[PDB]
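Working through the structure, step by step
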Amino acid sequence: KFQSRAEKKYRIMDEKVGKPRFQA
Amino acid sequence: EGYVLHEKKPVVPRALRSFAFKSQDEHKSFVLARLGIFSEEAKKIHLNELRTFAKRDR
Amino acid sequence: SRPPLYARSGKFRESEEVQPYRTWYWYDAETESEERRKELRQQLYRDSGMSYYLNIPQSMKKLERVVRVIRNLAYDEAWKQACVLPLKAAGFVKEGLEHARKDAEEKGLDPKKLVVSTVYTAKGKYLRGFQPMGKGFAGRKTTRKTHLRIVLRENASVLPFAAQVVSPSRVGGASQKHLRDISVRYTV
Amino acid sequence: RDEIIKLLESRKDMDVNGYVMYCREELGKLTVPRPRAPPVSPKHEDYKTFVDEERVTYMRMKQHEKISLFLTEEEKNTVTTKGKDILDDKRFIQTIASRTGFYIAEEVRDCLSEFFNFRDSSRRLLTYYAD
Ligand SMILES: [Mg+2]
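Overview of the structure.

Here the focus is the overall build of chain B. The number of helices and strands found in chain B is four helices and zero strands. Walking chain B from its N terminus toward its C terminus, one meets helices and strands in the order α-α-α-α. Compactness check: chain B gives a C-alpha radius of gyration of 15 Å against a globular reference of 10 Å for 58 residues, more than 25% above the reference. Across its three principal axes, chain B shows a C-alpha extent of roughly 45 × 25 × 25 Å. For chain B, the computed accessible surface area is about 5300 Å², with 57% contributed by carbon and sulfur atoms. Across chain B, the 13 positively charged side chains and the 8 negatively charged ones have centroids separated by 4 Å.

In structure tokens form, the structure reads like this:
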């Protein structure tokens, strides 16, 4: 509940990358 | 009736496969490291790999 | 509109035509390496439905609870079983079954004859962590991930299991239990 | 304002042949760029994030013209009429690429897509200037 403002961008990118998906 | 008719390829035990293909694996690493992927040798290796994958579908 | 086939298959009879290989290259070495791998995969699983689901936030043992129920069953039966199981993993298995069937139809297979012929899991990349314990000791805190692969084939050997089906509760104007005549039960 | 509105009114209903002429006009007004080197050495972290935007704009407009010249008249009318439904027709796109014998289905689809994007952009602007 106290996440840093200077790393908001990097948390967003990790959330997008670490999602399930089908290969090709 | 002749060698060609009765010739068969033996099946390599799973535990011995890292020794039967050691030379071929080294060569592919040798070619890509020194000549690059935009090379005539690299293209030949890729074509042979396509043949092996295609035969898996039986 | 299938991807090109660049070599003969291993089937007894050939069903497609081999096409000449491309003569152009990709601009970068990284792009060229990635595309060669994609071409290799396109030579496989022809005349069958396949799916490959990556980075499921579950473990091998949790996924095997559901997968062991659907092996060697007809597609219709397997799909129904995955719906009724109240497990978080059952949701991912259901998505894979639908994705694979859509793949089979694009290849020109009849969905009414599909059978689940192969299913297995594969290890993903793990998120490592640590949790403290008593008296200064420490332990592991790991989040696991797994890959799921499903293959559907036509007229493959299948199990005879079949489930009975009943209708749900009738609610609305379609329910007519209030028209029952209870005067008959007073007679002999 | 009014001249802009008239141009946008015509552009939103423009066909593929019109798009080819459009591309030719944009190229006619363009000075052809030389390729530019990245600002840093190969070991630098930004080496691979460099994009030669000027070269790409030129190359892509040239590609649009070349693909539209393999596309037949019946196909062009089908494209103008279907919009998104042409872009999602893989058999159509594959046929064009096979006829070409060089460009691939992805390139063909992007060229057709930009034609439609041009028309859609003109409609959005038309509302802006007209209102
Ligand atoms: Mg302490």
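On we go.
Residues and elements named next belong to chain C. Mapping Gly129 onto the fold places it in the loop between β2 (114-123) and β3 (130-132). C-alpha separation for the pair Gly129 and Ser9, spaced 120 residues apart in sequence, amounts to 46 Å. Not counting residues up to four positions away in its chain, the partners in contact with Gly129 are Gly139, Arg140 and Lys141.

The subject of this paragraph is the packing of helix α3 (residues 53-68) of chain D against helix α7 (residues 105-130) of chain D. Helix packing geometry: the angle between the two helix axes and the distance between the axes. Residue and element names in this part refer to chain D. Close contact between α3 and α7 brings their axes to 10 Å; oriented N to C, the two are set at 100°. The angle between α3 and α7 falls in the class roughly perpendicular. Each of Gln63, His64 and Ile67 in α3 lies in contact with α7, whose residues at this interface are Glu107, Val108, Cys111 and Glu114.

Time to look at the sheet that holds strand β5 (residues 146-154) of chain C. Strand order in this open sheet of four strands is β1(A)-β1(C)-β5(C)-β2(C), and the pairing throughout is antiparallel. The strands lining the two open edges of the sheet, one partner per strand, are β1 (21-22) of chain A together with β2 of chain C. Pairing of β2(C) with β5(C), which is carried by nine bridges, proceeds in the antiparallel orientation. Each residue of the ladder has a partner; that of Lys123(C), found in β5(C), is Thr146(C). The strands that helix α4 (residues 88-107) of chain C touches are β1 of chain A together with β1 (49-56), β2 and β5 of chain C; relative to β1(C), the one it contacts most, it runs at about 145°.

Attention now moves to the pairing of β5(C). Residue and element names in this part refer to chain C. The buried fraction of β5 amounts to seven of the nine residues, a majority that puts the element mostly inside the structure. With six bridges joining them, β1 and β5 adopt antiparallel strand pairing. Opposite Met50, over in β5, you have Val151 as the bridge partner.

Tallied over the full model, the rule gives 25 salt bridges over all chains. With a closest N to O distance of 2.8 Å, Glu32(C) and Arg22(C) form a salt bridge. Here the residue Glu32(C) occupies a position in helix α1 (residues 29-41), and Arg22(C) occupies one in the segment before α1, the gap between them amounting to ten residues. With respect to class, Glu32(C) is no different from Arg22(C); both count as buried. One salt bridge in this structure joins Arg36(D) and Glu54(D), with 3.0 Å as the shortest N-O distance. With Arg36(D) in the loop between α2 (16-28) and α3 and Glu54(D) in helix α3, this pair connects stretches of sequence that are 18 residues apart.

On to the packing of aromatic side chains, then. A full pass over the atoms with the stated rule returns twelve aromatic pairs over all chains. Between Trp24(C) and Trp26(C), the aromatic rings sit 5.4 Å apart at their centres with planes inclined by 70°, giving edge-to-face as the arrangement. Under the relative-accessibility criterion, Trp24(C) is labelled partly exposed at 27%. Using a relative accessible area of 26% as the deciding quantity, one classes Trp26(C) as partly exposed. Ring geometry for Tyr19(D) against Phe118(D): centres 5.8 Å apart, planes inclined by 65°, an arrangement best described as edge-to-face. Here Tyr19(D) is found in helix α2, whereas its partner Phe118(D) is found in helix α7, with 99 residues between them in sequence. Like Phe118(D), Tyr19(D) is buried.

Reading guide: rules and limits
- Residues numbered from 1 in each chain as written, not as in the entry; some residues may be left out.
- Chains lettered and ligands numbered in written order.
- Part of a larger assembly, values for the part shown.
- Heavy atoms only, no water.
- Helix = DSSP H or I, 4+ residues; strand = E, 2+ residues; numbered from the N terminus.
- Rg over C-alpha atoms; globule rule 2.2 N^0.38 Å.
- Areas by Shrake-Rupley, 256 points an atom, 1.4 Å probe, with all protein chains shown as cover.
- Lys, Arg positive; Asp, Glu negative; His and termini not counted.
- Charge placed at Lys NZ, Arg CZ, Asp CG, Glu CD.
- Contact = heavy atoms within 4.5 Å.
- Axes fitted to C-alpha atoms, helices over the stretch in contact; angles between N-to-C directions.
- Parallel < 35°, antiparallel > 145°, perpendicular 65-115°, else oblique.
- Pairing = 2+ DSSP bridges.
- Buried < 20%, exposed > 50% of the residue type's maximum accessible area, 1.4 Å probe, protein only.
- Salt bridge = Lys/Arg side-chain N within 4 Å of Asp/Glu carboxyl O.
- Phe/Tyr/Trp six-rings, centres within 6.5 Å; stacked < 30°, edge-to-face > 60°.

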